[PDB]
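Novice: Sharing my_file_19.cif below, mmCIF, N, CA and C atoms:
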data_input
loop_
_atom_site.label_atom_id
_atom_site.label_comp_id
_atom_site.auth_asym_id
_atom_site.auth_seq_id
_atom_site.Cartn_x
_atom_site.Cartn_y
_atom_site.Cartn_z
N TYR A 1 0.85 -1.24 0.00
CA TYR A 1 0.00 0.00 0.00
C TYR A 1 0.87 1.26 0.00
N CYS A 2 0.79 2.01 -1.10
CA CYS A 2 1.42 3.34 -1.27
C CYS A 2 2.95 3.49 -1.22
N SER A 3 3.59 3.38 -2.38
CA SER A 3 5.00 3.75 -2.49
C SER A 3 5.27 4.63 -3.72
N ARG A 4 5.42 5.96 -3.58
CA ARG A 4 5.20 6.80 -2.37
C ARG A 4 6.29 6.78 -1.27
N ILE A 5 6.42 5.66 -0.57
CA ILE A 5 7.46 5.52 0.45
C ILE A 5 8.83 5.37 -0.22
N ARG A 6 16.90 17.30 1.13
CA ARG A 6 17.14 18.48 0.31
C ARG A 6 15.95 19.43 0.42
N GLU A 7 15.97 20.24 1.47
CA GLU A 7 14.86 21.13 1.75
C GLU A 7 15.02 22.43 0.99
N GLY A 8 14.07 23.32 1.18
CA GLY A 8 14.14 24.57 0.49
C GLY A 8 13.67 24.42 -0.93
N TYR A 9 14.12 25.32 -1.78
CA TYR A 9 13.32 25.68 -2.91
C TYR A 9 13.88 25.17 -4.22
N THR A 10 12.99 24.61 -5.03
CA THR A 10 13.32 24.29 -6.40
C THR A 10 12.46 25.20 -7.26
N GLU A 11 12.51 25.02 -8.57
CA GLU A 11 11.67 25.83 -9.45
C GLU A 11 10.23 25.30 -9.55
N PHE A 12 9.94 24.22 -8.82
CA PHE A 12 8.60 23.65 -8.83
C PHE A 12 7.91 24.04 -7.55
N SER A 13 6.67 24.51 -7.67
CA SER A 13 5.93 25.05 -6.51
C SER A 13 4.60 24.37 -6.34
N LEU A 14 4.30 23.97 -5.10
CA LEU A 14 2.97 23.48 -4.75
C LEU A 14 2.27 24.59 -3.98
N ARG A 15 1.14 25.05 -4.50
CA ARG A 15 0.44 26.18 -3.91
C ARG A 15 -1.01 25.84 -3.74
N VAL A 16 -1.68 26.60 -2.89
CA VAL A 16 -3.13 26.55 -2.81
C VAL A 16 -3.63 27.93 -3.20
N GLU A 17 -4.50 27.99 -4.22
CA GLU A 17 -5.01 29.26 -4.70
C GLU A 17 -5.70 30.02 -3.56
N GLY A 18 -5.42 31.32 -3.47
CA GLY A 18 -5.95 32.15 -2.41
C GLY A 18 -5.07 32.17 -1.17
N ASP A 19 -3.99 31.38 -1.17
CA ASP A 19 -3.02 31.39 -0.04
C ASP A 19 -3.69 31.35 1.34
N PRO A 20 -4.49 30.30 1.60
CA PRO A 20 -5.14 30.21 2.92
C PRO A 20 -4.15 30.07 4.07
N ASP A 21 -4.45 30.73 5.18
CA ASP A 21 -3.65 30.66 6.39
C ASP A 21 -3.92 29.39 7.19
N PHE A 22 -5.08 28.79 6.95
CA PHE A 22 -5.55 27.59 7.65
C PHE A 22 -6.62 26.96 6.79
N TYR A 23 -6.99 25.71 7.07
CA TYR A 23 -8.11 25.07 6.36
C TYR A 23 -9.39 25.10 7.18
N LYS A 24 -10.53 25.16 6.48
CA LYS A 24 -11.85 25.03 7.09
C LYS A 24 -12.43 23.69 6.63
N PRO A 25 -12.81 22.82 7.59
CA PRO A 25 -13.40 21.52 7.27
C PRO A 25 -14.49 21.65 6.21
N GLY A 26 -14.41 20.81 5.18
CA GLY A 26 -15.42 20.78 4.14
C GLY A 26 -15.25 21.76 2.99
N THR A 27 -14.35 22.73 3.16
CA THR A 27 -14.05 23.66 2.09
C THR A 27 -13.19 22.98 1.02
N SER A 28 -13.52 23.24 -0.24
CA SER A 28 -12.74 22.81 -1.39
C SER A 28 -11.68 23.86 -1.72
N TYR A 29 -10.42 23.42 -1.79
CA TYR A 29 -9.29 24.27 -2.16
C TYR A 29 -8.71 23.81 -3.48
N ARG A 30 -8.28 24.77 -4.30
CA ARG A 30 -7.64 24.39 -5.56
C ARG A 30 -6.12 24.37 -5.37
N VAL A 31 -5.57 23.16 -5.42
CA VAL A 31 -4.15 22.92 -5.25
C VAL A 31 -3.49 22.91 -6.63
N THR A 32 -2.38 23.63 -6.76
CA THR A 32 -1.69 23.70 -8.04
C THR A 32 -0.24 23.29 -7.89
N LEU A 33 0.28 22.63 -8.92
CA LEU A 33 1.70 22.29 -9.01
C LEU A 33 2.21 22.91 -10.29
N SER A 34 3.20 23.78 -10.18
CA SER A 34 3.67 24.53 -11.35
C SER A 34 5.19 24.57 -11.44
N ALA A 35 5.69 24.67 -12.67
CA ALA A 35 7.11 24.77 -12.94
C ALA A 35 7.43 26.17 -13.41
N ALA A 36 8.45 26.80 -12.83
CA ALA A 36 8.90 28.10 -13.30
C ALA A 36 9.61 27.94 -14.65
N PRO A 37 9.39 28.86 -15.60
CA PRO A 37 10.05 28.71 -16.89
C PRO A 37 11.57 28.68 -16.79
N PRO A 38 12.23 27.90 -17.66
CA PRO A 38 11.67 27.08 -18.72
C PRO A 38 11.47 25.61 -18.33
N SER A 39 11.29 25.34 -17.04
CA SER A 39 11.14 23.96 -16.59
C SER A 39 9.76 23.37 -16.89
N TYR A 40 9.68 22.05 -16.76
CA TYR A 40 8.46 21.30 -16.95
C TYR A 40 8.59 20.02 -16.15
N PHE A 41 7.49 19.30 -16.00
CA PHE A 41 7.55 17.97 -15.42
C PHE A 41 6.79 16.99 -16.32
N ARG A 42 7.29 15.77 -16.39
CA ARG A 42 6.66 14.73 -17.20
C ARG A 42 5.82 13.81 -16.33
N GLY A 43 6.01 13.90 -15.02
CA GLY A 43 5.26 13.11 -14.06
C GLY A 43 5.30 13.74 -12.68
N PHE A 44 4.33 13.40 -11.85
CA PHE A 44 4.25 13.94 -10.50
C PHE A 44 3.45 13.00 -9.61
N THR A 45 3.64 13.16 -8.31
CA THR A 45 2.80 12.51 -7.31
C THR A 45 2.45 13.53 -6.26
N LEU A 46 1.19 13.56 -5.86
CA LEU A 46 0.69 14.52 -4.92
C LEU A 46 -0.13 13.82 -3.83
N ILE A 47 0.20 14.10 -2.56
CA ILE A 47 -0.51 13.51 -1.40
C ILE A 47 -0.82 14.56 -0.35
N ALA A 48 -1.74 14.22 0.56
CA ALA A 48 -2.05 15.06 1.71
C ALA A 48 -2.00 14.18 2.95
N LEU A 49 -1.09 14.49 3.88
CA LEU A 49 -0.84 13.65 5.05
C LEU A 49 -1.10 14.40 6.33
N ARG A 50 -1.63 13.70 7.34
CA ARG A 50 -1.59 14.23 8.67
C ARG A 50 -0.13 14.46 9.01
N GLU A 51 0.18 15.57 9.66
CA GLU A 51 1.57 15.85 10.04
C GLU A 51 2.22 14.72 10.86
N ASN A 52 3.51 14.52 10.60
CA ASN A 52 4.35 13.52 11.27
C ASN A 52 3.97 12.08 11.01
N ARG A 53 3.25 11.85 9.91
CA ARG A 53 2.92 10.50 9.45
C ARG A 53 3.65 10.25 8.15
N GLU A 54 4.03 8.99 7.92
CA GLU A 54 4.79 8.62 6.74
C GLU A 54 3.93 8.43 5.49
N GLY A 55 2.68 8.00 5.68
CA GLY A 55 1.76 7.72 4.56
C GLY A 55 1.56 6.25 4.25
N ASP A 56 2.14 5.38 5.07
CA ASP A 56 2.06 3.94 4.85
C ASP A 56 0.73 3.34 5.31
N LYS A 57 -0.03 4.11 6.08
CA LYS A 57 -1.35 3.70 6.55
C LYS A 57 -2.42 4.58 5.92
N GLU A 58 -3.56 3.96 5.63
CA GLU A 58 -4.69 4.64 5.02
C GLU A 58 -5.07 5.89 5.80
N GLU A 59 -5.15 5.75 7.13
CA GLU A 59 -5.58 6.83 7.99
C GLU A 59 -4.58 7.98 8.09
N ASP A 60 -3.37 7.81 7.54
CA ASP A 60 -2.41 8.92 7.46
C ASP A 60 -2.83 9.98 6.45
N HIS A 61 -3.63 9.58 5.47
CA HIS A 61 -4.02 10.47 4.39
C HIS A 61 -5.24 11.28 4.76
N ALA A 62 -5.14 12.60 4.59
CA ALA A 62 -6.14 13.53 5.09
C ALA A 62 -6.89 14.20 3.94
N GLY A 63 -8.20 14.37 4.11
CA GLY A 63 -9.03 15.05 3.13
C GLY A 63 -9.30 14.18 1.92
N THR A 64 -9.88 14.80 0.89
CA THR A 64 -10.31 14.11 -0.31
C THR A 64 -9.89 14.94 -1.52
N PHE A 65 -9.07 14.36 -2.39
CA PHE A 65 -8.81 14.98 -3.67
C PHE A 65 -9.96 14.75 -4.64
N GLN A 66 -10.17 15.74 -5.51
CA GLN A 66 -11.14 15.64 -6.60
C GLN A 66 -10.50 16.09 -7.91
N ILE A 67 -10.55 15.23 -8.92
CA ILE A 67 -9.95 15.50 -10.21
C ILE A 67 -10.71 16.64 -10.90
N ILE A 68 -9.96 17.59 -11.44
CA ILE A 68 -10.52 18.65 -12.28
C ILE A 68 -10.32 18.33 -13.76
N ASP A 69 -9.10 17.96 -14.13
CA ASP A 69 -8.73 17.70 -15.51
C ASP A 69 -8.41 16.22 -15.68
N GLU A 70 -9.41 15.48 -16.14
CA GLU A 70 -9.31 14.03 -16.26
C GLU A 70 -8.21 13.58 -17.24
N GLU A 71 -7.92 14.40 -18.24
CA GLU A 71 -6.90 14.06 -19.23
C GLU A 71 -5.47 14.38 -18.79
N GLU A 72 -5.34 15.05 -17.64
CA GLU A 72 -4.02 15.41 -17.13
C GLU A 72 -3.66 14.67 -15.84
N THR A 73 -4.67 14.31 -15.06
CA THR A 73 -4.45 13.75 -13.73
C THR A 73 -5.35 12.55 -13.47
N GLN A 74 -4.88 11.64 -12.62
CA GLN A 74 -5.68 10.50 -12.17
C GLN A 74 -5.19 10.05 -10.81
N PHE A 75 -5.95 9.18 -10.15
CA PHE A 75 -5.45 8.54 -8.93
C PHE A 75 -4.52 7.39 -9.27
N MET A 76 -3.48 7.22 -8.45
CA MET A 76 -2.50 6.14 -8.58
C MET A 76 -3.17 4.77 -8.48
N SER A 77 -2.87 3.88 -9.43
CA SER A 77 -3.43 2.51 -9.45
C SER A 77 -3.15 1.74 -8.15
N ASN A 78 -1.94 1.89 -7.63
CA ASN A 78 -1.54 1.22 -6.40
C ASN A 78 -1.31 2.14 -5.18
N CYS A 79 -1.84 3.36 -5.25
CA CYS A 79 -1.97 4.23 -4.09
C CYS A 79 -3.15 5.17 -4.37
N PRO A 80 -4.38 4.69 -4.09
CA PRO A 80 -5.62 5.35 -4.52
C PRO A 80 -5.87 6.71 -3.89
N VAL A 81 -5.07 7.05 -2.88
CA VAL A 81 -5.14 8.33 -2.17
C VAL A 81 -4.15 9.36 -2.75
N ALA A 82 -3.34 8.93 -3.72
CA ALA A 82 -2.36 9.80 -4.36
C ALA A 82 -2.82 10.23 -5.76
N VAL A 83 -2.58 11.50 -6.09
CA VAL A 83 -2.83 12.03 -7.43
C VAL A 83 -1.55 11.94 -8.26
N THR A 84 -1.67 11.55 -9.52
CA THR A 84 -0.52 11.40 -10.40
C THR A 84 -0.91 11.81 -11.84
N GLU A 85 0.05 11.83 -12.76
CA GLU A 85 -0.22 12.18 -14.16
C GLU A 85 -1.00 11.08 -14.88
N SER A 86 -1.84 11.49 -15.84
CA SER A 86 -2.62 10.57 -16.68
C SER A 86 -1.79 9.95 -17.81
N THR A 87 -0.85 10.74 -18.33
CA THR A 87 0.08 10.34 -19.40
C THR A 87 1.39 11.09 -19.16
N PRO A 88 2.53 10.55 -19.62
CA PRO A 88 3.82 11.19 -19.32
C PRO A 88 4.26 12.37 -20.22
N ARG A 89 3.33 13.28 -20.54
CA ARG A 89 3.61 14.44 -21.38
C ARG A 89 4.30 15.54 -20.56
N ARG A 90 5.03 16.42 -21.23
CA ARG A 90 5.60 17.61 -20.57
C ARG A 90 4.47 18.54 -20.16
N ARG A 91 4.48 18.95 -18.89
CA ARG A 91 3.50 19.90 -18.36
C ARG A 91 4.19 20.96 -17.55
N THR A 92 3.56 22.13 -17.46
CA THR A 92 4.09 23.20 -16.62
C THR A 92 3.16 23.53 -15.44
N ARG A 93 1.94 22.99 -15.48
CA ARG A 93 0.99 23.20 -14.40
C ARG A 93 -0.04 22.09 -14.39
N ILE A 94 -0.35 21.59 -13.20
CA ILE A 94 -1.57 20.81 -12.99
C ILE A 94 -2.34 21.37 -11.81
N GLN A 95 -3.62 21.02 -11.73
CA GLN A 95 -4.48 21.50 -10.64
C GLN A 95 -5.45 20.40 -10.24
N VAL A 96 -5.80 20.39 -8.97
CA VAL A 96 -6.77 19.43 -8.43
C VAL A 96 -7.50 20.12 -7.28
N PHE A 97 -8.70 19.67 -6.93
CA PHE A 97 -9.30 20.12 -5.69
C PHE A 97 -8.85 19.22 -4.55
N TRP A 98 -8.71 19.83 -3.38
CA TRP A 98 -8.54 19.13 -2.12
C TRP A 98 -9.62 19.63 -1.18
N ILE A 99 -10.44 18.71 -0.69
CA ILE A 99 -11.54 19.03 0.20
C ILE A 99 -11.08 18.76 1.62
N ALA A 100 -11.08 19.80 2.46
CA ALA A 100 -10.47 19.74 3.77
C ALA A 100 -11.22 18.80 4.71
N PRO A 101 -10.47 18.11 5.59
CA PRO A 101 -11.05 17.10 6.47
C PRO A 101 -11.81 17.67 7.68
N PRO A 102 -12.54 16.82 8.43
CA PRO A 102 -13.26 17.26 9.62
C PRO A 102 -12.40 17.91 10.70
N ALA A 103 -13.04 18.75 11.51
CA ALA A 103 -12.37 19.39 12.63
C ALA A 103 -11.76 18.30 13.51
N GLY A 104 -10.57 18.56 14.03
CA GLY A 104 -9.86 17.59 14.87
C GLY A 104 -8.84 16.76 14.11
N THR A 105 -8.83 16.88 12.78
CA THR A 105 -7.86 16.14 11.98
C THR A 105 -6.43 16.63 12.22
N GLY A 106 -6.31 17.90 12.61
CA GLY A 106 -5.02 18.51 12.88
C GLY A 106 -4.31 19.02 11.63
N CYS A 107 -3.04 19.35 11.80
CA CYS A 107 -2.25 19.91 10.72
C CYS A 107 -2.09 18.91 9.60
N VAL A 108 -2.25 19.40 8.37
CA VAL A 108 -2.12 18.58 7.17
C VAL A 108 -0.93 19.09 6.33
N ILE A 109 -0.17 18.15 5.77
CA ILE A 109 0.94 18.48 4.87
C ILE A 109 0.61 18.02 3.47
N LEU A 110 0.46 18.99 2.57
CA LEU A 110 0.31 18.72 1.16
C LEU A 110 1.71 18.62 0.59
N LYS A 111 2.00 17.55 -0.13
CA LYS A 111 3.36 17.26 -0.58
C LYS A 111 3.38 16.68 -1.99
N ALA A 112 4.35 17.11 -2.79
CA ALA A 112 4.50 16.60 -4.13
C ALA A 112 5.92 16.19 -4.44
N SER A 113 6.03 15.26 -5.38
CA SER A 113 7.28 14.83 -5.98
C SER A 113 7.11 14.96 -7.48
N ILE A 114 8.18 15.30 -8.20
CA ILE A 114 8.09 15.39 -9.67
C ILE A 114 9.25 14.69 -10.38
N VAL A 115 9.06 14.43 -11.67
CA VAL A 115 10.17 14.06 -12.57
C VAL A 115 10.25 14.97 -13.80
N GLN A 116 11.46 15.45 -14.13
CA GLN A 116 11.75 16.20 -15.36
C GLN A 116 12.82 15.42 -16.13
N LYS A 117 14.09 15.61 -15.75
CA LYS A 117 15.21 14.77 -16.19
C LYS A 117 15.96 14.21 -14.97
N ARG A 118 15.40 14.49 -13.80
CA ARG A 118 15.84 13.94 -12.52
C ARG A 118 14.59 13.91 -11.65
N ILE A 119 14.64 13.17 -10.54
CA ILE A 119 13.54 13.13 -9.58
C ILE A 119 13.74 14.14 -8.46
N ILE A 120 12.67 14.87 -8.16
CA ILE A 120 12.63 15.67 -6.96
C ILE A 120 11.73 14.92 -6.00
N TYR A 121 12.34 14.40 -4.94
CA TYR A 121 11.69 13.55 -3.96
C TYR A 121 10.82 14.35 -3.01
N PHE A 122 9.91 13.68 -2.31
CA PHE A 122 9.13 14.32 -1.25
C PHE A 122 10.05 14.91 -0.19
N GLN A 123 9.70 16.08 0.33
CA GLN A 123 10.47 16.71 1.39
C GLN A 123 9.58 17.18 2.52
N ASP A 124 10.15 17.27 3.73
CA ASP A 124 9.39 17.72 4.89
C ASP A 124 9.07 19.20 4.83
N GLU A 125 9.95 19.96 4.18
CA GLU A 125 9.78 21.39 3.95
C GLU A 125 10.39 21.72 2.60
N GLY A 126 9.86 22.75 1.96
CA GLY A 126 10.38 23.13 0.66
C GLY A 126 9.29 23.65 -0.24
N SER A 127 9.65 23.92 -1.48
CA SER A 127 8.70 24.54 -2.38
C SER A 127 7.57 23.61 -2.83
N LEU A 128 7.77 22.30 -2.70
CA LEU A 128 6.74 21.32 -3.06
C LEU A 128 6.01 20.77 -1.83
N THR A 129 6.06 21.51 -0.73
CA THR A 129 5.42 21.09 0.52
C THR A 129 4.70 22.27 1.15
N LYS A 130 3.44 22.07 1.53
CA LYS A 130 2.68 23.13 2.19
C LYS A 130 1.91 22.59 3.37
N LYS A 131 2.10 23.24 4.52
CA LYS A 131 1.42 22.87 5.75
C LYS A 131 0.19 23.74 5.93
N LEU A 132 -0.95 23.11 6.20
CA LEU A 132 -2.17 23.82 6.57
C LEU A 132 -2.75 23.24 7.84
N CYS A 133 -2.97 24.10 8.82
CA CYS A 133 -3.55 23.66 10.07
C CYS A 133 -4.98 24.15 10.19
N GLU A 134 -5.68 23.73 11.23
CA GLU A 134 -6.99 24.31 11.55
C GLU A 134 -6.81 25.70 12.18
N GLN A 135 -7.88 26.49 12.20
CA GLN A 135 -8.03 27.70 13.04
C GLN A 135 -8.94 28.73 12.40
#
Output the file's structure in the form of structure tokens.
Specialist:
Amino acid sequence: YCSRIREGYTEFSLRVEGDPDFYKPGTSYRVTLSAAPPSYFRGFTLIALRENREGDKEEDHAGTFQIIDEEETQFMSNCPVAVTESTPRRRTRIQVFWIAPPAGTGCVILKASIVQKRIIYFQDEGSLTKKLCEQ
């Protein structure tokens, strides 16, 4: 189940539109993964984890992703809680909804990994990682 299993900034950014300071349970947020020019990615993986969890357990994964662009993104065949590319084409941006979990879920870490001509692995902090807490 889910594998899946260098901080600071690369040219790839994981953002939430509107730059929320915290999440509100049940609110849909538009999560974006983008490459600064002239970079691109041919593949990506995107997850949302309760803080300080590895992701090896189902209950580590927080909230619900919803596909916006079916031809660009899909759920991972062998990690159904992870968003990934539909085909290995060069892309500079993808977007998905993330629906925030119930009150009491605690801090959530949205995290991405990409491939261009090298792999950028998941990191605890950095440009492909965003922490959102309740409040």
Novice: Would you kindly translate the PyMOL selection byres (((chain A and resi 17 and name CA) around 9) and name CA) into the concrete residues it picks from this file, as a list in words?
Specialist: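 Output from the PyMOL selection byres (((chain A and resi 17 and name CA) around 9) and name CA), applied to this file: residues 15, 16, 18, 19, 20, 29, 30, 31 and 32 of chain A.
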Novice: For a test of reading the model, state the distance in Å between atom C of residue 111 (chain A) and atom C of residue 129 (chain A), rounded to one decimal.
Specialist: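 Result for atom C of residue 111 (chain A) versus atom C of residue 129 (chain A): 6.5 Å, one decimal.
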Novice: Could you check which of A:86, A:135, A:27, A:127 is closest to residue 9 (chain A), using only N, CA and C atoms?
Specialist: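 Residue with the minimum atom-to-atom distance to residue 9 (chain A): A:127.
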Novice: Between A:80, A:108, A:44, A:4, which one has atoms that come closest to residue 128 (chain A), using only C-alpha atoms?
Specialist: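 Looking only at the distances to residue 128 (chain A), the closest residue turns out to be A:44.
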Novice: Suppose a student applies the PyMOL selection byres ((chain A and resi 110) around 8) to this structure; what residues should they get, written as a CSV table (one decimal) with N, CA and C atoms, in the frame of the given file?
Specialist:
chain,number,residue,atom,x,y,z
A,14,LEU,N,4.3,24.0,-5.1
A,14,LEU,CA,3.0,23.5,-4.8
A,14,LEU,C,2.3,24.6,-4.0
A,46,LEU,N,1.2,13.6,-5.9
A,46,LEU,CA,0.7,14.5,-4.9
A,46,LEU,C,-0.1,13.8,-3.8
A,47,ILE,N,0.2,14.1,-2.6
A,47,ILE,CA,-0.5,13.5,-1.4
A,47,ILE,C,-0.8,14.6,-0.4
A,48,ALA,N,-1.7,14.2,0.6
A,48,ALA,CA,-2.0,15.1,1.7
A,48,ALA,C,-2.0,14.2,3.0
A,49,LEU,N,-1.1,14.5,3.9
A,49,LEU,CA,-0.8,13.6,5.0
A,49,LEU,C,-1.1,14.4,6.3
A,50,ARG,N,-1.6,13.7,7.3
A,50,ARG,CA,-1.6,14.2,8.7
A,50,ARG,C,-0.1,14.5,9.0
A,51,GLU,N,0.2,15.6,9.7
A,51,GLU,CA,1.6,15.8,10.0
A,51,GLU,C,2.2,14.7,10.9
A,107,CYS,N,-3.0,19.4,11.8
A,107,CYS,CA,-2.2,19.9,10.7
A,107,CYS,C,-2.1,18.9,9.6
A,108,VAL,N,-2.2,19.4,8.4
A,108,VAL,CA,-2.1,18.6,7.2
A,108,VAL,C,-0.9,19.1,6.3
A,109,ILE,N,-0.2,18.2,5.8
A,109,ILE,CA,0.9,18.5,4.9
A,109,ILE,C,0.6,18.0,3.5
A,111,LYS,N,2.0,17.6,-0.1
A,111,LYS,CA,3.4,17.3,-0.6
A,111,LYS,C,3.4,16.7,-2.0
A,112,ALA,N,4.4,17.1,-2.8
A,112,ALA,CA,4.5,16.6,-4.1
A,112,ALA,C,5.9,16.2,-4.4
A,128,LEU,N,7.8,22.3,-2.7
A,128,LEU,CA,6.7,21.3,-3.1
A,128,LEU,C,6.0,20.8,-1.8
A,129,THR,N,6.1,21.5,-0.7
A,129,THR,CA,5.4,21.1,0.5
A,129,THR,C,4.7,22.3,1.2
A,130,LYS,N,3.4,22.1,1.5
A,130,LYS,CA,2.7,23.1,2.2
A,130,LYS,C,1.9,22.6,3.4
A,131,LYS,N,2.1,23.2,4.5
A,131,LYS,CA,1.4,22.9,5.8
A,131,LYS,C,0.2,23.7,5.9
A,132,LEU,N,-1.0,23.1,6.2
A,132,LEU,CA,-2.2,23.8,6.6
A,132,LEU,C,-2.8,23.2,7.8
Novice: For residue 74 (chain A), work out the shell of residues within 8 Å, counting only C-alpha atoms and skipping chain neighbours fewer than 5 positions away, then give it as number ranges by chain.
Specialist: A: 67, 83-86
Novice: Let me make sure I understand: among A:43, A:38, A:26, A:55, which one has the smallest atom-to-atom distance to residue 98 (chain A) if we use all atoms listed in the file?
Specialist: A:26
Novice: CA of residue 54 (chain A) to atom N of residue 71 (chain A): how many Å, to one decimal?
Specialist: 28.6 Å
Novice: Which is closest to residue 125 (chain A) among A:2, A:24, A:99, A:8, if we use all atoms listed in the file?
Specialist: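 Smallest separation from residue 125 (chain A) among the options: A:8.
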Novice: From a DSSP pass on the backbone, collect the residues of chain A flagged as strand (DSSP E or B) and hand them back as number ranges by chain.
Specialist: A: 12-16, 23, 28-35, 41, 43-50, 61, 64-67, 73-76, 79-85, 91, 93-99, 108-115, 119-120, 129-132, 134
Novice: Axis-aligned box over every listed atom of region 73-83 of chain A, padded by 6 Å per side: centre and edges in Å to one decimal, as lines of an AutoDock Vina configuration file?
Specialist:
center_x = -3.6
center_y = 7.8
center_z = -8.6
size_x = 16.6
size_y = 25.1
size_z = 24.9
Novice: For residue 101 (chain A), please output as an MDAnalysis selection string all residues within 7 Å (counting only C-alpha atoms; exclusion window: fewer than 6 positions along the same chain).
Specialist: chainID A and resid 25:26 62:63
